[PDB]
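When reading the values below, keep in mind they use all heavy atoms of this one structure, side chains included, and skip hydrogens, waters and symmetry mates. Below, read A as the first sequence line, B as the second, and so on, with proteins coming before strands; counting in each chain starts at 1.
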Amino acid sequence: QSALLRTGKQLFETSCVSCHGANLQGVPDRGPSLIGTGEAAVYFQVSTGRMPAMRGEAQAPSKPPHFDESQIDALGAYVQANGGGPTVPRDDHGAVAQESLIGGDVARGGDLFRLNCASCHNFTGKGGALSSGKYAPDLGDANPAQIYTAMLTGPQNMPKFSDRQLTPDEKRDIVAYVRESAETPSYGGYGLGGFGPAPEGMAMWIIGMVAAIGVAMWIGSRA
Amino acid sequence: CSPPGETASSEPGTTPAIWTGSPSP
Amino acid sequence: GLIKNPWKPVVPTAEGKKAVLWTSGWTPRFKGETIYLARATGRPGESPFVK
Amino acid sequence: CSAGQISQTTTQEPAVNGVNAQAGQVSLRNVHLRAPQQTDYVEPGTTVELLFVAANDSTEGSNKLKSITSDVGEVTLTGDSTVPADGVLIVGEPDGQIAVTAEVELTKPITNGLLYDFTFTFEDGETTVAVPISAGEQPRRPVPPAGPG
Ligand SMILES: CCCCCCCCCCCCCCCC(=O)OC[C@H]1O[C@H](O[C@@H]2[C@H](O)[C@@H](O)[C@H](O)[C@@H](O[C@H]3O[C@H](CO)[C@@H](O)[C@H](O)[C@@H]3O)[C@@H]2OP(=O)(O)OC[C@@H](COC(=O)CCCCCCCC[C@H](C)CCCCCCCC)OC(=O)CCCCCCCCCCCCCCC)[C@@H](O)[C@@H](O)[C@@H]1O
Ligand SMILES: CC(C)=CCC/C(C)=C/CC/C(C)=C/CC/C(C)=C/CC/C(C)=C/CC/C(C)=C/CC/C(C)=C/CC/C(C)=C/CC/C(C)=C/CC1=C(C)C(=O)c2ccccc2C1=O
Ligand SMILES: CC(C)=CCC/C(C)=C/CC/C(C)=C/CC/C(C)=C/CC/C(C)=C\CC/C(C)=C/CC/C(C)=C/CC/C(C)=C/CC/C(C)=C/CC1=C(C)C(=O)c2ccccc2C1=O
Ligand code: HEC
Ligand code: HEC
């Protein structure tokens with residue numbers, strides 16, 4: 001659509017050129033070439049608000065989006081027209097696919113996530129630290145399409161998972177595991193963040209031991 | 001100390017040959 | 001009964017039995033044996049590893 | 001300390017399979033070979049496709065592409081290989097692109113995984129790239145079912 005292409009260029013020109021160039025070629029030491037990154041890269045980077053970036057540091061954060069859904073489609077169409085690349089999955093009505101991306105095999109998804117994902121995102125997508133100021137974020141806010149395109153495009157320091165390395169059905173199983181491990185309640189009480197020993201040991205010292213010592217003080221005497 | 005069996009080389013190296021594979025497990 | 005020699009040669013390789021720590025699944029069992037880099041499909045059984 | 005002159009975000013390269021290259025005043029972005037494969041090699045006599053985008057850093061004048069050569073075969077350029085004042089020249093239609101083309105007639109075999117040298121010559125600038133092969137948005141090819149062993 002030519003209207004969608006001119007709207008995307010018009011949006012791109014006052015938001016993305018300073019770092020990516022007027023012809024999407026990149027501005028050295030400021031931002032990379034966007035040629036061939038595809039609509040999927042635009043969708044992930046703009047729908048999670050990471051783009052436009054605001055400064056250079058170790059890692060660009062996610063933040064509230066600067067554009068709405070149609071503007072994101074326009075920007076993705078404009079970038080797609082310059083080099084192609086992967087696209088964001090759609091549903092019958094041409095909307096970005098969300099529910100149809102939930103795969104049916106969550107046990108396979110969990111096994112795949114633990115092999116490929118939990119090293120950086122933790123057992124249940126709680127986040128983990130990376131080398132020097134970087135970090136794999138908590139996965140609990142990404143929608144299914146965001147998870148899918150994150151695997152598809154390999155953002156910042158996240159490895160790129162092609163549709164040949166992880167087929168679409170494998171990706172859908174992974175997104176089902178990611179979504180279900182975010183929405184499942186804890187079974188044994190308050191989940192304490194899901195990191196395990198460190199918050200459990202914090203809870204013992206600040207709740208259990210404080211209670212036990214306070215009770216000892218109440219029962220015992222001073223001096 | 002540094003591990004004695006770990007040094008950088010400057011030789012470029014060649015493309016590996018196609019694997020054929022002998023029989024008899 | 002607990003004491004075991006770690007360097008007892010027990011692992012078949014292309015040049016004879018070797019101790020466990022010197023070997024792995026990548027050690028050839030005969031000369032020219034073809035060992036594929038296989039990837040985990042995540043489905044237990046039913047071809048867990050493919051080329 | 002992560003926001004100094006040596007910054008981790010700002011030197012990041014595009015997460016694409018193609019290669020960047022500086023041909024004088026031309027930026028060569030996303031340069032890659034399309035060459036669907038079946039066995040360990042793509043044999044000589046096959047016609048493969050060389051794709052890229054050429055971006056004019058200058059905004060005053062125009063530029064044109066000549067004489068792409070390689071030691072894998074011969075390259076035929078079809079279409080108007082001129083890149084405009086401050087515009088782009090899309091050569092080939094990449095994987096997800098819904099007519100300048102570079103056709104490579106192969107003389108020695110190529111395989112996905114290795115890099116191959118191509119020399120781009122503009123009327124101002126000329127450089128060698130070492131281009132990869134990119135399967136683009138093609139699906140994973142079936143692998144014959146293994147037996148029981
Ligand atoms: C002797 C007594 C001993 C017993 C003590 C018992 C106390 C505990 C309570 C009892 C348990 C209830 C019964 C059954 C359990 C239950 O019914 O539970 C529901 C759910 O609950 C959590 O769901 C949150 C949402 O409901 C979900 O929607 C959401 O998805 C989920 O998100 C997680 O998962 C996602 C993946 O999808 C990730 O994306 C995401 O990031 C995150 O990880 C959420 O979890 P989370 O944010 O962990 O907690 C947030 C808590 C809030 O904190 C807590 O109350 C934790 C408190 C305990 C921790 C103690 C730490 C101590 C620290 C040290 C002191 C450090 C300081 C010392 C150094 C100082 C330095 C100075 C020198 O919510 C709130 O109420 C917020 C509003 C106000 C909080 C107040 C509640 C009670 C206490 C209030 C205190 C007084 C004033 C009020 C405070 C504001 C998760 O667990 C779920 O599994 C679980 O299903
Ligand atoms: C007092 C003492 C240790 C003297 C021994 C001297 C001696 C012989 C030394 C030689 C041995 C050497 C070299 C020792 C070095 C230290 C070492 C490596 C110790 C090995 C194990 C060991 C003996 C440890 C004992 C340490 C110890 C005495 C701890 C208790 C501290 C006290 C008095 C706490 C009560 C105060 C209290 C309840 C405070 C509120 C709650 C808080 C904030 C507690 C602090 C806290 C703690 C203590 C955690 O462990 C923890 C773990 C995970 C998450 C969070 C926390 C946390 O917040
Ligand atoms: C060796 C090593 C690790 C070094 C790093 C140490 C370090 C620099 C730590 C500080 C990190 C901070 C606080 C960063 C921000 C900068 C900052 C504000 C620093 C302090 C400035 C300062 C001294 C002045 C202000 C006054 C002052 C003293 C401030 C208070 C600082 C406080 C209270 C911060 C907490 C410090 C700290 C490291 C606590 C650890 C807490 C732990 C271990 C909890 C584990 C835990 C986690 C992590 C959960 O996710 C969770 C989820 C759900 C329920 C429970 C938990 C839970 O308990
Ligand atoms: C400078 C502050 C920037 C602005 C303004 C915008 N982008 Fe950016 N972008 C920048 C950097 C340094 C990087 C690389 C590291 C990173 O944080 O990911 C990027 C990355 C992208 C990507 C991903 C490219 C990939 O290789 O797939 C995309 C799709 C992207 N940027 C798009 C984009 C858009 C659409 C912007 C306008 C809204 C935009 N960026 C602004 C730096 C900067
Ligand atoms: C470490 C090398 C990683 C591995 C392996 C995986 N991920 Fe990751 N992921 C990593 C980083 C550093 C980031 C942030 C990048 C950014 O550009 O800011 C991410 C991001 C994601 C996201 C987006 C999360 C959001 O903020 O909502 C998702 C959904 C995500 N990663 C999922 C994911 C999956 C499913 C993985 C297994 C295939 C996986 N990641 C691997 C770091 C690393």
Side-chain angles (χ1 to χ4, degrees), chain A residues 86 89 100-126 128 136 139 142 144 146-154 158-184, chain C:
Chain A
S100 66
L101 291 179
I102 303 309
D105 192 341
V106 76
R108 186 199 203 192
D111 189 359
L112 285 171
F113 183 95
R114 277 187 297 279
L115 179 55
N116 290 98
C117 304
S119 46
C120 278
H121 292 283
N122 130 305
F123 299 109
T124 46
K126 294 316 201 217
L139 297 185
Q146 277 152 0
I147 303 148
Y148 197 97
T149 56
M151 308 186 272
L152 207 57
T153 67
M158 168 162 172
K160 195 158 187 256
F161 296 85
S162 79
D163 278 338
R164 298 178 285 291
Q165 160 160 15
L166 282 183
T167 61
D169 62 308
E170 301 181 284
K171 290 184 184 292
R172 288 192 297 272
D173 279 9
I174 286 154
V175 306
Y177 173 76
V178 168
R179 288 300 306 135
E180 161 173 344
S181 84
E183 301 155 279
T184 304
Chain C
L2 288 158
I3 305 305
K4 282 179 165 286
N5 180 19
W7 304 107
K8 187 177 173 117
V10 296
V11 182
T13 79
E15 65 270 15
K17 292 273 192 65
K18 294 200 166 153
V20 162
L21 285 186
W22 303 135
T23 69
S24 75
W26 303 97
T27 303
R29 285 157 199 175
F30 54 94
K31 187 269 183 182
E33 181 182 41
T34 288
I35 314 182
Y36 298 89
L37 279 56
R39 64 184 179 180
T41 70
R43 51 186 137 86
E46 59 271 13
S47 286
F49 298 116
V50 297
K51 301 165 175 213

More than 12 heavy atoms of other residues, nucleotides or ligands under 6.0 Å from [atom1] of [X]: is that the case?
X	atom1	result
C/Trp7	CH2	yes
C/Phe49	CZ	no
C/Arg39	CZ	yes
A/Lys160	NZ	yes

Fill in the blank from the handout: Residues of residues 102-114 of chain A with a heavy atom under 4.5 Å from any heavy atom of chain C, in residue-number order, are A/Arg108, A/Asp111, A/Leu112
Problem - chain C-proximal positions within residues 163-178 of chain A [heavy-atom distance under 4.5 Å] - result: A/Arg164, A/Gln165, A/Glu170
